[PDB]
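Single-letter residue listing:
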Amino acid sequence: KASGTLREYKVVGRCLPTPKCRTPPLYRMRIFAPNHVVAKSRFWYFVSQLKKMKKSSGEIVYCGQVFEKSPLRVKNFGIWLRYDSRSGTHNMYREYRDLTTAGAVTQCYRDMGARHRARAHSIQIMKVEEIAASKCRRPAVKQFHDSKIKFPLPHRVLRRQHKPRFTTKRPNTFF
Amino acid sequence: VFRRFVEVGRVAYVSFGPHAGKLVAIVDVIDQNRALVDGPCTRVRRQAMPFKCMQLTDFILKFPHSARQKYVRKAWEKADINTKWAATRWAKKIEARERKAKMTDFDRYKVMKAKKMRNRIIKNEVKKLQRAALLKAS
Amino acid sequence: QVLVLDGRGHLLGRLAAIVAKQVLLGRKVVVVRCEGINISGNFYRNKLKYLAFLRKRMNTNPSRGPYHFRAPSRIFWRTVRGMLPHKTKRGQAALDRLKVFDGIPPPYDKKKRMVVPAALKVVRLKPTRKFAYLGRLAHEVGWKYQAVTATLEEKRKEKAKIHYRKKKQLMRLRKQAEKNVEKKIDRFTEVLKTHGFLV
Amino acid sequence: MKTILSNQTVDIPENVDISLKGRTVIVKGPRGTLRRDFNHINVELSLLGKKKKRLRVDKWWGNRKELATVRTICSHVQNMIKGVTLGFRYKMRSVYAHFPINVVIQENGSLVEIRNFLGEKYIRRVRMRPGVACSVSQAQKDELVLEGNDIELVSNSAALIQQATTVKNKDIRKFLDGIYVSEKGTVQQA
RNA sequence: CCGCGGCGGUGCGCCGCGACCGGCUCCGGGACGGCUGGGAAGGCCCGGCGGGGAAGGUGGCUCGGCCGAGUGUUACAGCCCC
RNA sequence: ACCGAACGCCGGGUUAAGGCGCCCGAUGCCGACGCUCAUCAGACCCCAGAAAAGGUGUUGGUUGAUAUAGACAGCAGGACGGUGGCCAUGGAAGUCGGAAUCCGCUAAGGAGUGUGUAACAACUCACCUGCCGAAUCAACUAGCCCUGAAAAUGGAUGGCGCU
RNA sequence: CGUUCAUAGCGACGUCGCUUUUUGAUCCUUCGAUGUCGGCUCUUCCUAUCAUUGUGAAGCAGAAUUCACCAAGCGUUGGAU
RNA sequence: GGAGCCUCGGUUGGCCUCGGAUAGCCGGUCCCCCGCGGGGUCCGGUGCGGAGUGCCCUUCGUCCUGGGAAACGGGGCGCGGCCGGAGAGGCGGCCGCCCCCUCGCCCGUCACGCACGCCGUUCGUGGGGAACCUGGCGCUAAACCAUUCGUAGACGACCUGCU
Ligand SMILES: [Mg+2]
Ligand SMILES: [Mg+2]
Ligand SMILES: [Mg+2]
Ligand SMILES: [Mg+2]
Ligand SMILES: [Mg+2]
Ligand SMILES: [Mg+2]
C-alpha cells in the first residue's frame, strides 16, 4: 500500500463453491484505498489472515466505493489501529475531526507517518466509527467542541514571496 | 491586539483558489487550520476550506454554528452583505485594480493625456502654495 | 538598471542565494547594510561555526590559506561567492557585478533600496526561533569597525529623517493643492477613475 | 498540541496606574516607575476595565513551551506592581566563626566594601545595580538591608555580595562564612 | 528582338509568406454512458415522532450604556441540529 | 561491479533511475498534514559510520488509577501500646542481619522506610483534618531531540548554505 | 568492599562499546629496488590532562588528597648501565 | 569645432524616513513639554496597505493657422553670487541680470519622399581608448645610471654626499 487520498470501498467476497460446500458464506469488509485495484488486493490480505481463503481459492463478488452519507457535516471520528513499530506491534485509538471517513483515515495515515514514522504497509485499520461530542477522549479534538468558538489568525506569514521577488515595501503580517 | 476573528458567522474574502474573489461565511471550524464554509449568495458551495486561503473581513453576520444553508442565505440577505461589501474601501480598490487590468490601448492613451495635464495643474498649485508658505515665513 | 538591496532583516544564505542568480543573469546588484544581515540559529551556535572556519588554515603556510574575512560585507560576499562558479571566467565576471557594503555609503544613501521578502527574517523564521546579527558575529571574530559603522549610520538616519520631513511636507501640500484645484481638474480626475486609479 | 487559547488576568490595585506601549508595560505609583519590555514573549497584553482595573494576557494557539510564558509575564507584572507600591527589601545576615566580615557602604548604596572576610587582606568592593541601595542596618548586629523597586536588580545585587564572600579551596561544610540572604520582604507592608 | 506564352531544370547573396501532408505538444468548446439506475445539496412546504446542543429564556456573578456584552445551571422550542 | 539503461551518424518528441534554494537543467506551487532546535542538529540503496543504557526535553499511544464520602500536591498536628515481641548476647526493646509478622486503642501508626545509637533516646518516614480551588498521578511503550560520543596537516550532508 | 552505608572511592558474576601508540589475521599496492633499528637534530598536531588557570567531589577540619568538568595556552629536565 | 581607427555593453527615469511584525501609516492638535521643527497625550481618518514598487514620474511623430480650457512657465550646454554635501562628497539646491519663445489638455486646419506588405529600427552618446586639425590662459622635470657613502650589503637592494 501507498496513498493519495483514500476512498472507503465495500468489498464482499467468498471462497468459491465446491461439491462439498455448495453455497459458501459471503464476507464483507471496509477497505480504504486509493483505487479498487489495490482495494481488492487489500481485501484479500485481510481475509487471508482471518479465514483460510486466498485469491485463487475465492472470488470477489462486489467491490464498490462507499460515499460519505453526510459530507457537509463536520464529524469526529474514532479510529482504532494496529501498527508496527521498529520494535513490537501495537494498538491505538486515534481521533480525528473531519468531513468524511475517507478523509479521516487519510488524515490518520499522515499522522502516523509523522508521529511514529509508520509507513502505510505497517498499519492495519480495524474500525472507523463516527462519534458524538462526548466519547471523544483526545483533547486536541475536544477543544473545537464549543458553540461560540473564537480565535484569531495572529502572525499571518505571507506566501507570494516571489510575486514581487524584489520590492520596496517590507511586508505586513498583522491583519 | 486582535480585531478580526474566526468566529462563526464571520464573512471572509477568499484571496485565492478556485473561489478567488468571493465572499464566504464561516459556518463551522473543523480544525486548527480548516473551516467549514458557505457563500450561498456569492456562488460558493458549502465546503471545507483552509484558513491559509481566506482573509477575513469586518462583517460577522449572525446565524447558528451548523445551520442548513437556507438560514445563512437569510442572514446574508437580511444584512445585505453584498451591498455593504461593495461599499467598502477594500472592494473599491479591488474594483479599481480590475479596471486597470481591463484597460485597452486607446484607453491607456487617454489616461496618459489626462494625467499629463492633471499632474501639471497640481504641480503649479503646489509651487504657488510653497511660495505662499515662504511669504508667510518671511 | 541596478538592484540596491538593504541587507538588514534578511537571512545570510537566503539572500545570497537570490543575489547569486541575479548576478549570473547579468544584473548588477548592490547589497547594503550587511552588518544588519541576520543568520538563523542562536548566537553562540554561529560564533563557533565561524570560529571553526578560522581554524581552517594551510598548516605549512597560513599566508596562502583560506582568507577569513571579518567585515560583514566581505562575509556576505564570501557566501555569495560560494554559490557561483567563481573559478570560471563567467563566475568571476558575475561577482564583479556584486558590490557589498558594511553600512550604507554615499551613492546609495540617497537611493531607494529594495527588500527581498523571500530572504526576510520576519517571514522565513518562526518568531520563537533564535538568530544572530552578523554584526555582533563579525565584531567578536575580529571586525574592527563596528562602532565607526554605528557612528556613521546615526548621522545618516538623522540626515534622512530631515529628508523625509521635507518629503512629507510636499505630500501634504500636494494633498492640499488637489483640494484647492478640484473643480479645474474634475473632468481629468474623473477619467483617471473610470479606468481604475484614484480609488 | 496547539491550545486554541490561553490567558490570565493581573488585577492592578487602585493606587497604581499601569500603561502599555504595545508590549512594553510601564507601571508607575507611590515609589516610582518600572518599565519592562516583553518584545520576545509574543502575547496580547490587553488592558481592560474602567478605572483600568485589570491587565489581561491572552496567548493564542500556544504549544506547551509557548504557554509556559503566559504566567511568567503575568507574574513579572505582579512583582513590578509590588515594587512600585511597597518596594522590595532583601535582608542579608553575615556569618562567621572568627573574622567578623567588616561591611561598609560608600557612595550612597552603590558600593559595598567587605573587609576582613576569613582574615583576608583583599577588600571586596561590590557595586549595586542602578536603583538598588544597600544600607547597614540597626536593631541587628551583622546584617545588611538592600532596598529597591525592581526585584530583579535587588536580588542580583544581593547575589553579588553573596558570591563575593565565597570560600575557595576549603571544606565549605566546615567553613560556613559569608553574607547570605536571610529574608526577602518589603519596604512597607500595609 | 519582344513575348517572362507552354515545359524543363535554377535561384549570386540575405530574407519573408502562403496553403497541403507527416510526427508531436498544448488550448478551447460542446454531446453521451454507468453507479447505492450515483451520494450529498438546493427549492417548496405540510402533517406528525422523539433525542441533543444549548435559547427570543431564566438565574448567580462580572463588565459596559431597562438595553447591550461575558461566564454558569435545568432543559421545553418561540436559534438550530439529529 | 549500485540503480536506470546497453551505444551507426543526426532533427523533433517522451521517458527511466534520479532530481528541481544557488553552484546546476527543473517547484519563482500562495503545494497538504505533522514532527524536531541540537554550546556535536539533521539531511536518501550499495556507502563510507556507532551500541548497551539513560533523559518530566517534547510529541503521540497502552494499561491502570483518583476524586466532591470536594481530593491532588504546597504548609501545619500525631506516629502509640500488648512489648526488652522472638531468634540472635557482641549488642538490635522497629532499626548489623534473618524466621516472623498478628491483635488492642483505634482516627490511626509497620512488631517498622531511614537517620543514627554498644543499646536506647532524639529525630524522620500512614489515617485524618485547616486553608486553597479542577483535574490529578502512576507504570509501561514508541517518534524526533539530547547524554552515552576520545586522534593526531586544516575540512568536508559534494560545496555554499539552510530552521 | 568501604566499622555503619550497593555507587565518596571501589566493584564480582554478566554485558555493551570505542581505539589503532601492542601483537596477530590478511596479502590489495610496490621485487626494470619506496634505503632496512635505534639515538641525535627540528617542526607541527592529538588528548585518552602529569603540572599550571577556572571549577564541582569526597570516607575534603587544616595540611596532604584522590574522583570528575571546561581545557592541549604554557611546560614536562640533568645523569649511571 | 572637423575627420578617423578601435572596444563594446546598453535601447525612459525613480533624488533616500525609521522601523515594526501578538502591529503599523497619516493627520490635526483644542492642550502640555523641548530645541519653523522634536516629544507627549487626546481626538479624527486609513490598514489584505490607492500618501499602494499590484506603485510613482515622464511621453513617443514634425510643422502650419485660429478657436476654446489651462497660462508666466520654458529655454539660450544663457550668464554671476549664496548655500548644503567628507563614509567612496561628487552631486544638487537656492538668489540677481541679458536675450528669445507661448510650449501641457481639447477642438477645428492643412501639409511633411505616400520610397509601392518584410531584418539588425528606436536611445544612454558629444560613450571608453588610440592616433589627428583650431582659439584662450598656464607651465617650466624629476627618475634611473655613473660617482660617492657604510647606519647596508652574496649580487641586486638600502642609508648618505656632490657651485
Ligand atoms: Mg585542603
Ligand atoms: Mg557490607
Ligand atoms: Mg600489515
Ligand atoms: Mg624516496
Ligand atoms: Mg577531555
Ligand atoms: Mg544600436
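Note on numbering: positions run from 1 along each chain as its sequence is written and may not match the entry's numbering; residues without coordinates are not listed. As a convention, the first chain written is A and the first ligand written is 1, with the rest following in written order. Reported values pertain to the displayed chains only, which are themselves part of a larger assembly. Neither water nor hydrogens contribute to the side-chain values; these are computed over all heavy atoms in the structure.

What the deposited record gives as its method is cryo-EM, and the resolution it gives is 3.45 Å.

1. A few points about unusual backbone geometry
The residue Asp80(B) is not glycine, and still its phi comes out positive at about 65 degrees. Every helix listed is a DSSP run of H or I at least four residues long, and every strand listed is a run of E at least two residues long, numbered separately from the N terminus. Tracing the sequence through the fold places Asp80(B) in the loop between α1 (70–79) and α2 (81–87). Working definition: with a 1.4 Å probe on protein chains only, accessible area under 20% of the residue-type maximum means buried, over 50% means exposed, and in between means partly exposed. Residue classification places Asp80(B) among the partly exposed residues on the basis of a relative accessible area of 35%. Positive phi, normally seen in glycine, also occurs at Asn42(D), with a value near 65 degrees. One can find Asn42(D) in the loop between β5 (33–37) and β6 (44–48).

2. Let's talk about the interface of chain B and chain C
Residues count as neighbours in contact if any of their non-hydrogen atoms are within 4.5 Å of one another. Contacts between chain B and chain C engage 24 residues on the former and 21 residues on the latter. Take the accessible area each of two parts loses on contact, using a 1.4 Å probe, and add the two losses: that sum is the buried area. Buried area between chain B and chain C, both sides added, is near 2000 Å², and the carbon and sulfur share of it is 70%. On the chain B side of the interface with chain C, the three residues burying the most area are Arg118(B), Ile122(B) and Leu129(B), jointly 27% of the side's total. Within this document, salt bridges are pairs made up of a side-chain nitrogen of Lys or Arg and a carboxyl oxygen of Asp or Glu, the two lying within 4 Å of each other. At the boundary of chain B and chain C, one finds one salt bridge. The partner of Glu178(C) in a salt bridge is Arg118(B), with the nearest N and O atoms 3.5 Å apart.

3. Overview of the sheet that holds strand β2 (residues 10–14) of chain B
Residue and element names in this part refer to chain B. Strands qualify as paired when DSSP identifies two bridges or more between them. Strand order in the open sheet made by the five strands is β5-β4-β3-β2-β6, with antiparallel pairing throughout. Two strands in the sheet have a free side with no partner beyond their single neighbour: β5 (44–50) and β6 (54–60). Within the sheet, the average angular offset between the axes of one strand and its neighbour, ignoring direction, is 40 degrees. Relative to β6, β2 is paired through four bridges, and the arrangement is antiparallel. Residue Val 14 lies in a different strand from β6, and its bridge partner there is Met 54. Lines fitted to C-alpha atoms define the axes here, with helix axes fitted over just the stretch in contact, and angles between the N-to-C directions of these axes take values from 0 to 180 degrees. Against the sheet, α1 engages β2, β3 (23–31) and β4 (34–39), with an angle of about 135 degrees to β3.

4. Quick word on the packing of helix α4 (residues 105–137) of chain B against helix α7 (residues 146–181) of chain C
Here α4(B) crosses α7(C) at 115 degrees, and the two axes come no closer than 9 Å. Comparing the axis directions of α4(B) and α7(C) gives the class roughly perpendicular. Like other packed secondary-structure pairs, α4(B) and α7(C) cross with a definite hand, here right-handed. Between α4(B) and α7(C), the contacting residues are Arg118(B), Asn119(B), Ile121(B), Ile122(B), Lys123(B), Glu125(B), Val126(B), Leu129(B) and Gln130(B) on the first element and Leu170(C), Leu173(C), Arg174(C), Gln176(C), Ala177(C), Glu178(C), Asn180(C) and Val181(C) on the second. Grouping the constituent residues of the contact of α4(B) with α7(C) by class yields eight nonpolar, four polar and five charged. Any angle that is under 35 degrees is reported as roughly parallel, and any over 145 degrees as roughly antiparallel; angles of 65 to 115 degrees are reported as roughly perpendicular and all others as oblique. The handedness criterion is simple: a crossing whose near helix is rotated anticlockwise from the far helix by less than a right angle is left-handed, and one whose near helix is rotated clockwise is right-handed. In this classification, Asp, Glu, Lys and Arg are treated as charged, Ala, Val, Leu, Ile, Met, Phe, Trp, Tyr, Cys and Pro as nonpolar, and every other residue, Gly included, as polar.

5. Notes on the sheet that holds strand β4 (residues 24–28) of chain D
Pairing between the strands of a sheet is mediated by backbone hydrogen bonds and can be parallel or antiparallel. All names here are of chain D. If you trace the three strands from one edge of the open sheet to the other, you get β3-β4-β5, paired in antiparallel fashion. Since the sheet does not close on itself, it has two edges, and those belong to β3 (17–20) and β5, each with one partner. Taken pair by pair, the neighbouring strands of this sheet meet at an average axis angle of 15 degrees, ignoring direction. Pairing analysis gives five bridges linking β4 to β5, with the strands arranged antiparallel. Bridged to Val 27 within β5 is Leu 34.

6. Quick word on the side chain of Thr186(D)
On the secondary structure map, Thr186(D) appears in strand β14 (residues 178–186). Each residue touching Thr186(D), except ones within four places of it in the same chain, is listed here: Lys82(D), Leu86(D), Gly87(D), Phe88(D) and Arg89(D).

7. Quick word on the protein's contact with RNA strand E
Around RNA strand E sit 20 residues in total, of which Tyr62(A), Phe67(A), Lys148(A), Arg68(B) and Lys50(D) are the nearest. In the model, a phosphate oxygen of RNA strand E is placed 2.8 Å from a nitrogen or oxygen of the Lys148(A) side chain. Counting residues per element, the surface near RNA strand E draws most heavily on α1(B), which supplies three residues. Counted by class, the surface near RNA strand E contains seven nonpolar, five polar and eight charged residues. Residues are classed as near a molecule or strand on a simple rule: at least one heavy atom within 4 Å of it. Two N or O atoms form a polar contact when they lie within 3.5 Å of each other; inside protein one atom must be a possible hydrogen donor and the other a possible acceptor, and for residues adjacent in sequence the pair counts only when both atoms belong to side chains.

8. Re the protein's contact with RNA strand F
Contacts to RNA strand F come from 51 residues, most closely from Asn33(B), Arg14(C), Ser40(C), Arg45(C) and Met83(C). Here a sugar or linking oxygen of RNA strand F and a backbone polar atom of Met83(C) are 2.6 Å apart. Side-chain polar atom of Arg64(D) to a phosphate oxygen of RNA strand F: 2.9 Å apart, as the coordinates give it. Elements that contribute at least two residues to the surface near RNA strand F include exactly β5 (93–98) and α2 (101–116) of chain A together with α1 (12–24), β3 (38–40) and α2 (43–55) of chain C. Examining the composition of the surface near RNA strand F, we find that seven residues originate from one element, α1(C), more than from any other. The residue inventory of the surface near RNA strand F, partitioned by class, reads 18 nonpolar, 14 polar and 19 charged.

9. A few points about the interface of chain C and chain A
Facing the 19 residues of chain C at the interface are 14 residues of chain A. Of all residues in chain C, the largest losses of buried area upon contact with chain A belong to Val115(C), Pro117(C) and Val123(C), amounting jointly to 34% of the total for that side. Connecting chain C to chain A are one salt bridge. Its salt-bridge partner being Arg170(A), residue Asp6(C) comes within 3.3 Å of it at the nearest N-O pair.

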